[PDB]
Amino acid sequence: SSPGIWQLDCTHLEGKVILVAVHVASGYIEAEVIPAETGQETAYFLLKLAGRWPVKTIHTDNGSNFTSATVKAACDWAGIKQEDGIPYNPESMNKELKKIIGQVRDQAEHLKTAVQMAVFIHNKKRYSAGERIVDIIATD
């Protein structure tokens, strides 16, 4: 799997929306609770992702938040190729994420915090996805 390809999807919990980004080649994940599943929030999420990791292509679930012209603008600016409707086949990752969230939920006063704790655990769990993504992306 190309090192610049990310799978973009969503998942819901406690009446809240979580945007999920998975680095297909490593299984590394980035996720965050967002106010609403809108194009503006999705574009912002993508701009942050692209500025922290090499994002060359995103495969989305083709939800209306992704078909949004606002997201298209963000992708064009960041040089991201958007491919909608491409199923994840390296979400079952959403299940894993939800499972970990449950293991740390009572340690956080807010879901948003628990989600980040779950991402941390997932990425550092043993080679870990975190170690894998850096080894794959490293240029020198």
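Throughout, we count residues from 1 along the sequence that is shown.
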Checklist outcome for this item: Missing residues of the deposited chain between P90 and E91 number 4 to 9
Checklist outcome for this item: Residues of the deposited chain absent from the coordinates between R126 and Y127 total 4 to 9
Next on the checklist: Averaging CA B factors per stretch from the PDB record, which one is higher: 7-15 or 115-123?
Outcome noted: 7-15
Item to check | Stretch with the higher entry mean CA B-factor, where the candidates are 103-111 and 42-50 | outcome: 103-111
Next on the checklist: Among the choices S26, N94, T57, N65, identify the one whose CA B-factor in the record is greatest.
Outcome noted: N94
Checklist outcome for this item: For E83, the third of its chain by CA B-factor is the highest
Checklist outcome for this item: Split the chain's modelled residues into thirds by Cα B-factor; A74 lands in the lowest
Checklist entry - If you rank the chain by CA B-factor, which third does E30 end up in: lowest, middle or highest? => result lowest
